[PDB]
Amino acid sequence: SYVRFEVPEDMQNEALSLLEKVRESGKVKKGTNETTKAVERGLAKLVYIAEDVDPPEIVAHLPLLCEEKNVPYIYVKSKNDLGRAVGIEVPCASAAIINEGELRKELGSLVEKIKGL
RNA sequence: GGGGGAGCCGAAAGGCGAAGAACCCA
């Protein structure tokens with residue numbers, strides 16, 4: 001499995017809420033291609049990876065790429081939820097915050113909580 | 001092959017689409 005660690009539900013919800021709000025004043029990449037490219041460019045502040053992705057090889061490269069680029073990533077249950085959170089009309093396998101907008105402190109705390117796992 | 005990244009089809013109702021719509025480059 002590409003899921004490297006278990007993420008508590010409340011942290012997932014905090015993450016998705018944060019992503020929704022970041023959409024208002026920041027910049028977000030949505031979809032595996034954009035996300036991957038943003039990561040490769042050194043731009044990702046935080047990446048989201050749905051846990052219910054099939055086939056897994058769609059997002060299976062992400063954890064390790066994020067590690068090489070020193071990018072914190074979090075897992076969320078469903079691509080449906082992620083899609084709603086990034087504000088598109090279809091499911092979404094992975095995403096990234098590129099610019100935290102006004103949520104600098106909230107994002108920082110979130111990534112610390114992630115590292116805490 | 002490399003980008004772009006939410007539109008596209010349709011009279012409407014609908015449908016498709018980040019598991020990638022227009023569009024750009026080769």
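Note on naming: letters A, B, ... go to the chains in the order of the sequence lines (proteins, then strands), and numbering restarts at 1 for each one.
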In whole Å, measure the gap between the [atom1] atoms of [N] and [M] for me.
| N | M | atom1 | value |
| --- | --- | --- | --- |
| B/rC16 | B/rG4 | P | 28 Å |
| B/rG17 | B/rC24 | P | 23 Å |
| B/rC25 | B/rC9 | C1' | 26 Å |
| B/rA18 | B/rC8 | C1' | 14 Å |

Between [N] ([atom2]) and [X] ([atom1]): distance, integer Å:
| X | N | atom1 | atom2 | result |
| --- | --- | --- | --- | --- |
| A/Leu19 | B/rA18 | CG | P | 18 Å |
| A/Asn33 | B/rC23 | CG | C1' | 15 Å |
| A/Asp52 | B/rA19 | CG | P | 11 Å |
| A/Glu34 | B/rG7 | CD | P | 13 Å |
| A/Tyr2 | B/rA19 | OH | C1' | 12 Å |
| A/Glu89 | B/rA21 | CD | P | 15 Å |
| A/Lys30 | B/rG4 | NZ | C1' | 15 Å |
| A/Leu43 | B/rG5 | CG | P | 12 Å |

Practice task
Kindly assign one of parallel, tilted or perpendicular to the pair A/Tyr75 and A/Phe5, based on the angle between their ring planes and the thresholds 30° and 60°.
Solution key: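 Ring orientation, 0 to 90° scale: perpendicular.
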Handout entry: Residue closer to the 5' end of RNA chain B, A/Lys37 versus A/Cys92 (nearest nucleotide)
Key =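 In this pair, the answer is A/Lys37.
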Base, sugar-phosphate, or nothing for [X], non-hydrogen atoms under 4.0 angstrom?
| X | value |
| --- | --- |
| A/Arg41 | sugar-phosphate |
| A/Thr32 | base |
| A/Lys79 | base |

Handout entry: Charged N-O contact under 4.0 Å between A/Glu112 and A/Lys115
Key =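 A salt bridge links A/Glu112 with A/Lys115.
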Practice task
Using a strict cut-off of less than 4.0 Å between a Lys/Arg side-chain nitrogen and an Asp/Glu carboxylate oxygen, indicate whether A/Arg4 and A/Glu67 qualify as a salt bridge.
Solution key: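 Salt bridge flag = yes for A/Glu67 with A/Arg4.
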Applying a 3.5 Å limit to both distances, which nucleotide forms a Watson-Crick or G-U wobble pair with [N]?
| N | value |
| --- | --- |
| B/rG14 | B/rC9 |
| B/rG1 | B/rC25 |
| B/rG20 | none |

Practice task
Based on the glycosidic angle (syn within 90° of 0, else anti), state the conformation of B/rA6.
Solution key: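 Judged by the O4'-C1' to base torsion, B/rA6 sits in anti, the angle falling more than 90° away from 0.
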Problem - Any residue meeting salt bridge (charged side-chain N to carboxylate O under 4.0 Å, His left out) with A/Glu40, in chain and number order, not counting sequence neighbours - result: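 For A/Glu40 there are no salt bridge (charged side-chain N to carboxylate O under 4.0 Å, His left out) partners, ignoring immediate neighbours.
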Exercise for the section: Using the six-membered ring of each base, decide whether B/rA19 stacks on its neighbour B/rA18 (centre distance under 5.5 Å, planes under 30°). Expected result: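 No, the criteria are not both met.
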Handout entry: Six-ring stack, B/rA6 vs B/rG7, 5.5 Å / 30 deg cutoffs
Key =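 Pair B/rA6, B/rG7 comes out not stacked.
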Handout entry: Minimal non-hydrogen separation, A/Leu18 against A/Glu106, with atom names
Key =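 That closest heavy-atom pairing would be CD1-CB, 3.6 Å.
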Practice task
For RNA chain B, find the residues of residues 55-66 of chain A with a heavy-atom distance under 4.0 Å and give them by number; none if there aren't any.
Solution key: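 The answer is A/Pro55, A/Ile58.
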Exercise for the section: Please check if the side chain of A/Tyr2 supplies one atom and the backbone of A/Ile49 the other of a donor-acceptor pair under 3.5 Å. Expected result: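 Answer holds: no.
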